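Chemist: Questions regarding the structure given below will be posed in turn.
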Amino acid sequence: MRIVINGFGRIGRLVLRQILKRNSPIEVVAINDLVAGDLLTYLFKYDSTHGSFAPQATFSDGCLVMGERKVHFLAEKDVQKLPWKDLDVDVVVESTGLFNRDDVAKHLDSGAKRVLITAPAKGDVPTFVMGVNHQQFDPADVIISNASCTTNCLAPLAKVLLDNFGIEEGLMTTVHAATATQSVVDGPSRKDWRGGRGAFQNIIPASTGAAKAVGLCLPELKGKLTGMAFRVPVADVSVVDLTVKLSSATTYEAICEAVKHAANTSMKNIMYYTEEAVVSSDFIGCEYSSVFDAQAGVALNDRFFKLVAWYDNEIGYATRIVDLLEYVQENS
Amino acid sequence: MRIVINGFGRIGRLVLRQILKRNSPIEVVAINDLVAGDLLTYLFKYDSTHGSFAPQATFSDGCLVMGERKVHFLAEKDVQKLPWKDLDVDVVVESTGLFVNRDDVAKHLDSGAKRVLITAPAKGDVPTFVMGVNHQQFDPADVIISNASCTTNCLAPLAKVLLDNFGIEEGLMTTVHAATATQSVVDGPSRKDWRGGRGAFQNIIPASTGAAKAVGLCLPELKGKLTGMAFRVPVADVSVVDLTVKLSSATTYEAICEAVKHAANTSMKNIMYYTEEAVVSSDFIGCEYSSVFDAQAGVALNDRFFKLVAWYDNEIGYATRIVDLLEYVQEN
Amino acid sequence: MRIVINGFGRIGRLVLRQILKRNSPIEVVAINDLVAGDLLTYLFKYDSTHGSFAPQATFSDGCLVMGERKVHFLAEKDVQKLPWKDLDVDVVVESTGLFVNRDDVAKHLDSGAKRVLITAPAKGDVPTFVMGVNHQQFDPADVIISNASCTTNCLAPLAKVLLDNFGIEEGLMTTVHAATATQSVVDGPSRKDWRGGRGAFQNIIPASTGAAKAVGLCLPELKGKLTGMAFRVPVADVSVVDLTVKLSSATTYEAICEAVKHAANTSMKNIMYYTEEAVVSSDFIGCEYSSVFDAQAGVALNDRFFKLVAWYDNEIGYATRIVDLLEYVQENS
Amino acid sequence: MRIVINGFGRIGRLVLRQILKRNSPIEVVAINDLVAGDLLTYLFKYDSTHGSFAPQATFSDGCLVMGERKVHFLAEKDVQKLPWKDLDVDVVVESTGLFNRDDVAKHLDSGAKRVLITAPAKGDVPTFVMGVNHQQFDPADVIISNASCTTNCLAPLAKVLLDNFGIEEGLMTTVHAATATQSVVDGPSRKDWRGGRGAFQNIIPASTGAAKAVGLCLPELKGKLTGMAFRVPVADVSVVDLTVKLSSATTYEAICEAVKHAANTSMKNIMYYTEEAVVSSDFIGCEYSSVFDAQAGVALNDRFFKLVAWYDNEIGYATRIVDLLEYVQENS
Ligand SMILES: NC(=O)c1ccc[n+]([C@@H]2O[C@H](COP(=O)([O-])OP(=O)(O)OC[C@H]3O[C@@H](n4cnc5c(N)ncnc54)[C@H](O)[C@@H]3O)[C@@H](O)[C@H]2O)c1
Ligand SMILES: NC(=O)c1ccc[n+]([C@@H]2O[C@H](COP(=O)([O-])OP(=O)(O)OC[C@H]3O[C@@H](n4cnc5c(N)ncnc54)[C@H](O)[C@@H]3O)[C@@H](O)[C@H]2O)c1
Ligand SMILES: NC(=O)c1ccc[n+]([C@@H]2O[C@H](COP(=O)([O-])OP(=O)(O)OC[C@H]3O[C@@H](n4cnc5c(N)ncnc54)[C@H](O)[C@@H]3O)[C@@H](O)[C@H]2O)c1
Ligand SMILES: NC(=O)c1ccc[n+]([C@@H]2O[C@H](COP(=O)([O-])OP(=O)(O)OC[C@H]3O[C@@H](n4cnc5c(N)ncnc54)[C@H](O)[C@@H]3O)[C@@H](O)[C@H]2O)c1
């Protein structure tokens, strides 16, 4: 399967890293960004969060050269000018953070067969969470979304609670790492005024559609969940704080056992269960979607609980992108 | 009213700052800590969070000199050796963080102080007050009192407004809390709190808090109805309460906003503030309110289930409440 | 004097703040940026570093309204379309960080402005001024001028005191500098500075600076005698100069302290400050001085070779100097 | 060789990590700190800076158990009560940061044969830097020092300059990561007032004896070097900025070639030479003492230069401790 990465940022670079880590048969034909391949190769090899990678990788003849892989570098900001027809592209990984279905469809017009958006999409874009609803993928879905990092953390936990106890209502907060949409010092973010305030000086409230998105991947939870975010001064790793009213009376220990059991069966490689005294840095490089923190959660009574689940919003999400690409390869 | 400050830390120093920032009968006659007065004077005058103060203040001859006002400096770790009888002390502000058991705190009375105000939740049933919530329940016979935690001072006023207007069925609270002096610059041991020893500015750190249960002490109707947890994050000051609450009556988010706005204008004047501004944590550095309701940040799931957001300067808001409680309790 | 602020960023907003703080008779007639006036008003009123300001300021009818000041908001990226003729502009404060070549900056004059003050070092034939060092060399014929960098404003006053008292043979400067808007929250591309894109709050980041060479422009006797470098570190504001200097005459560290203390009381009043306190960077947030000499931090190897330490609020110190230079130009044009 | 680690902090734990990483024949028989082995095991396994280690490690039977290694845990604050005679201790790694030769000699009185202090020492304590003067070690040296992280970075570079060009005079600044002697929020540090100011809110000047200490390992540089430090908000990795007047005329390129040559020959495994666009995070886990940054340095003229060298103050220094222990093992 021939892919290109459009936007070689945190997610674009770490998707390529996770492809190389599993020796994937996925063929990465090109990388597109706003700068030249020499700088993009440097950013791929040296990572402040995830450490150095691909020490033998070089920029040569306008390509990223790594073993038998030679990946063409492009620097074309306009999707209508991208040479996807000439490069016989099966899937565009759309990871610029700029691109509505109508904007993303320009990749198809430029000759790509499919687009995978590394973010929530607006319009008639099927949204998938590996281990929750990815088997709903149909080859007729030419533009798909892998949802947000937050939805990938919440949806597996919500599915376990739905299947074991039922959910009456849930309100979610994510305490989220700073990301590339934020600023080093106070500046303008036109769609999110708070989001422009200095990232490492502030706790910053933010909107998230993650809780509503769980209602699309698990229709039984439509209208039953909403939530919000706080952006805080860490460079990576985020946590979901789910306050949930269950349909059946249970114990905190029974919830722990249900999540532990799911991690060992239906949610293998998606959910992990820990009882260790973890902090955010313990999840840097963690490939799971959702790590249930058994010690951190609290119970008010037999139906009302606050549950805690960690996610590496960079590497966990990047690993899910590669999982979804490999699933689409096998089912298209 | 003659007071002494035992423990000249974040809270001890900012209590003195807030005394000097108002017209007050309070006479600060002595300060006790573990180091000499020259270093304590330096820390009072230069503050990384709250900026410089009292530029004309000097250390001379074992006293803090501010015009003709002279405060004795002591460096005596043992409460049984403190000269409270000789200094005719009306109230000890107990802000070391070491002495919260009645038996430990009573040693101040044995040493000659008439009353002790603990700047923290107490262990045992020490009368606990939140200004604007239950401070009028103070009795002159109460010789050892607590001003609760910063978090309880943020949550309790909001909980009182909800209780009085709508009723509360159940609530689960998270505080996203600034790093404090109990934390470590790099990973080290914290025997009662393993996570709390992990590098403070590298991590989101879960913590246990009794703040939601403590609301049950000031508002008996809410005993058994609230609990919660904390995440410590890399900001040096300002914290936020995220209250997920099931109310006893059907209402709207707008009705909650109106009730809080009304309370801030009347019964909670100078305790609660109501904002619709695009606020972030740094906007509350130096804020003297106990609880600042963030109208834009909150979400409603339905007519009974809400997630409400309230900010607090855990240093200056709390220090201001200590001075308010001193002025309320003491005879003049 | 009618001014406009082109680029309402850290420097643009704090220039307006410092104008209002001294109740300056300077008239700010317009602000240009890339975003709407309601968001720019919000950023002016709420500042993570310097606290809230102008609580009664409002966005109304495409203007910033503050008492009798009514400032037009523009959102025009192209200097050739800016209405400087219609607004009768005396000085453009050029604070976008995009326009530092004389040819780019001259488009402001073509659009009707009488003068441009670039809030950065300039390329080409642009007279560069440091208040208290060479600002009296300003000539009314200078239609495009530079206020140099924050770093040059910190180093040049100290270099002048050393030059005048002892002479300088050679010097090498490091600035340990706060993170700025050119940096990124997480690793990203900076095409002209690869290191400068690496996560700002995860890294000590080496950077190039022309500040030491620029001192040779304001003090020609020091041409070829200074160079230096920077490290960007995870603080949101306040920077420090570390000057390693070989002096022309033998002295003591205490004689250097006395010369700086004397200068701060006389020739460098309101430009240099002298401290012996145990200061740290946060102590200078909101400090309006160009250069604060840290007497306790410095070291002497011998009677000619010294390491001297001087602090600067790279935001507020520099913004205050912009207002001082505007007021000087007003009085001398 | 039977060793114990006294003070299981950043250096103590990472010394054990580096022993295990090279499968050293050094036998670690005991670890002493102020808290129990369950918490010390947790801190060994989970590291905010260097990531997780020894997943199979357990606290079991009062020991740290890792394969065939079983390390006894102690919690004795008083060196005079440590059971070094009973444990047949060949070398104490003294890494508490509390312990003059007379104070350190109490380890010998308690039954240890030798002490290696992980810091500069006062009194008649031979001080060694691997690759500079470690071959001056004599088995008769019962108390030895591995100097500071900063001295281990500067001394190898200074030796290359001395041998190739000669040094007239040098003034050094280290821009240094925050360390455990610092505070999360403003507090008192009696011998270092600035060092008590909030570590992640400030650039903090400090004194360092590192430049003078180079005069101990390279006597020809006595009286020719001094310097200072700035502590900054990073959790690890530091940089030396050496302003040096050389005894002979040269070029920046000739300095680069001399350091490159040394890194390939006499300074193999001690110095590294890079021309990459490096930043501090690129050296997290770097085992070199001194990494010369060719691109960062500047020349004023043919005798006056500013040279830049990086060091992982935790892992580089810890690796040198293990190198010095193995050198002592081979030469005693
Ligand atoms: N970072 C995370 O935690 C995270 C998690 C899940 C999903 N996502 C989503 O993934 C996307 C990328 O996020 P990111 O964090 O990698 O951002 P980023 O800013 O690191 O990466 C975006 C990249 O796209 C490039 N780019 C910008 N405009 C372009 C254009 N016209 N053509 C080509 N390249 C262009 C940028 O130069 C940059 O390298 C966003 O939609 C984001 O919401 C991010
Ligand atoms: N920081 C906040 O946000 C906050 C808010 C509300 C309540 N509190 C409570 O206030 C108390 C103080 O907290 P802080 O943040 O100011 O801590 P801190 O560590 O800044 O201050 C404690 C001070 O007490 C001194 N001290 C220690 N032992 C002493 C002794 N035996 N005798 C005299 N002085 C001694 C220390 O040297 C230090 O200066 C704690 O109980 C804390 O829970 C803190
Ligand atoms: N920040 C400091 O410490 C400091 C100190 C001295 C000098 N400077 C210099 O001042 C200048 C501004 O720096 P800053 O830190 O304020 O940066 P900034 O990024 O905070 O501000 C720049 C502003 O210009 C706006 N802008 C960008 N392109 C524009 C265009 N075409 N038209 C109009 N507005 C546009 C941006 O939206 C932003 O609001 C730079 O030249 C910088 O080197 C900065
Ligand atoms: N961190 C570095 O960058 C670095 C580099 C080189 C050398 N050093 C030196 O190494 C030493 C340790 O530094 P660190 O950074 O590991 O500090 P640290 O605070 O992380 O470690 C010290 C440890 O000693 C323990 N301890 C304290 N008093 C004790 C006692 N009486 N008995 C037993 N254990 C006790 C503490 O609980 C802690 O775990 C210091 O001398 C320091 O100067 C540190």
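To match Swiss-Prot, the residue numbers of chain A are left as they are there, and the shown ones run 1-99, 101-333.
Method on record in the header is X-ray crystallography, 1.5 Å.
Cβ coordinates are placed from backbone N, Cα and C, and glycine is handled just like the others.
Below, the features straight out of Swiss-Prot:
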BINDING   A:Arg10, A:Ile11, A:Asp33, A:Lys77, A:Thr119, A:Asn314  NAD(+) binding site
BINDING   A:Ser149, A:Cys150, A:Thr151, A:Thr180, A:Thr209, A:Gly210, A:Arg232  D-glyceraldehyde 3-phosphate binding site
ACT_SITE  A:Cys150  active site, nucleophile
SITE      A:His177  site 'Activates thiol group during catalysis'
Chemist: Where the criterion is a Cβ under 6 Å from an atom of ligand 1, which of the binding-site residues A:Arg10, A:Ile11, A:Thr209, A:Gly210, A:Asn314 meet it?
Modeler: A:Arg10, A:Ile11, A:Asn314
Chemist: Say you check the Cα of A:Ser149 (D-glyceraldehyde 3-phosphate binding site) against those of the binding-site residues A:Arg10, A:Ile11, A:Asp33, A:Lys77, A:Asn314; which is nearest?
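Modeler: For A:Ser149 (D-glyceraldehyde 3-phosphate binding site), the closest Cα among A:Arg10, A:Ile11, A:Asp33, A:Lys77, A:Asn314 is found at A:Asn314.
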Chemist: Of the binding-site residues A:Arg10, A:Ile11, A:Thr119, which ones put their CB under 6 Å from ligand 3?
Modeler: none
Chemist: Just to be sure I understand: of A:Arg10, A:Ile11, A:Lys77, A:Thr119, which binding-site residues have a C-alpha no more than 10 angstroms from the C-alpha of A:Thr180 (D-glyceraldehyde 3-phosphate binding site)?
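Modeler: So the list is A:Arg10.
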Chemist: Please report the distance from the Cα of A:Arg10 (NAD(+) binding site) to the Cα of A:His177 (site 'Activates thiol group during catalysis'), rounded to the nearest angstrom.
Modeler: 15
Chemist: For A:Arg232 (D-glyceraldehyde 3-phosphate binding site) and A:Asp33 (NAD(+) binding site), determine the Cα separation and express it in whole Å.
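Modeler: Cα-Cα, rounded: 26 Å.
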Chemist: Under 8 Å Cβ-Cβ to chain C, which of the binding-site residues A:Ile11, A:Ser149, A:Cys150, A:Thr209, A:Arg232?
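Modeler: Near chain C - Cβ to Cβ under 8 Å - we find none.
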Chemist: Measuring CB to CB from A:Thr151 (D-glyceraldehyde 3-phosphate binding site), give everything in the same chain under 8 Å that is also at least six residues away in sequence.
Modeler: A:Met173, A:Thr175, A:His177, A:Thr209, A:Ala211, A:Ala230, A:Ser239, A:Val241, A:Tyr312, A:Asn314
Chemist: Measuring Cα to Cα, how many Å separate A:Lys77 (NAD(+) binding site) from A:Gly210 (D-glyceraldehyde 3-phosphate binding site)?
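Modeler: Counting only the Cα atoms, the answer is 27 Å.
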Chemist: Using a 10 Å radius around each Cβ and counting other Cβ atoms from all shown chains, which of the binding-site residues A:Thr119, A:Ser149, A:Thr180, A:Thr209 yields the largest count?
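Modeler: When each Cβ's neighbours within 10 Å are tallied, A:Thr119 tops the list.
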Chemist: Taking the residues A:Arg10, A:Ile11, A:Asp33, A:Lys77, A:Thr119, A:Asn314, which the record names as binding NAD(+), find the longest CA to CA distance and state it in Å to the nearest whole number.
Modeler: 26
Chemist: CB neighbours of A:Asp33 (NAD(+) binding site) within 10 A?
Modeler: 25
Chemist: Whose Cβ lies within 8 Å of the mean position of the Cβ atoms of A:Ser149, A:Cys150, A:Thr151, A:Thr180, A:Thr209, A:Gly210, A:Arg232, the D-glyceraldehyde 3-phosphate site, other than those residues?
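Modeler: Here the nearby residues are A:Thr152, A:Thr175, A:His177, A:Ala207, A:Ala211, A:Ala230, A:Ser239, A:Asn314.
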Chemist: When you measure from the Cβ of A:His177 (site 'Activates thiol group during catalysis'), how many other Cβ atoms are you left with inside 10 Å?
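Modeler: I get 25 for this one.
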Chemist: Using DSSP with the three-state reduction, classify A:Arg232 (D-glyceraldehyde 3-phosphate binding site) as helix, strand or coil.
Modeler: strand
Chemist: A:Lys77 (NAD(+) binding site) has how many other Cβ neighbours within 10 Å of its own Cβ?
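Modeler: Neighbour count, Cβ to Cβ under the 10 Å cut-off: 11.
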Chemist: Provide the number of Cβ atoms within 10 Å of the Cβ of A:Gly210 (D-glyceraldehyde 3-phosphate binding site), excluding the reference atom itself.
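Modeler: A 10 Å sphere around the Cβ of A:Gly210 (D-glyceraldehyde 3-phosphate binding site) contains 18 other Cβ atoms.
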Chemist: State, in Å as a whole number, the widest CA to CA span among the D-glyceraldehyde 3-phosphate-binding residues A:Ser149, A:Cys150, A:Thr151, A:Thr180, A:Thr209, A:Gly210, A:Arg232 given in the record.
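Modeler: Per the listed residues, the maximum Cα distance equals 17 Å.
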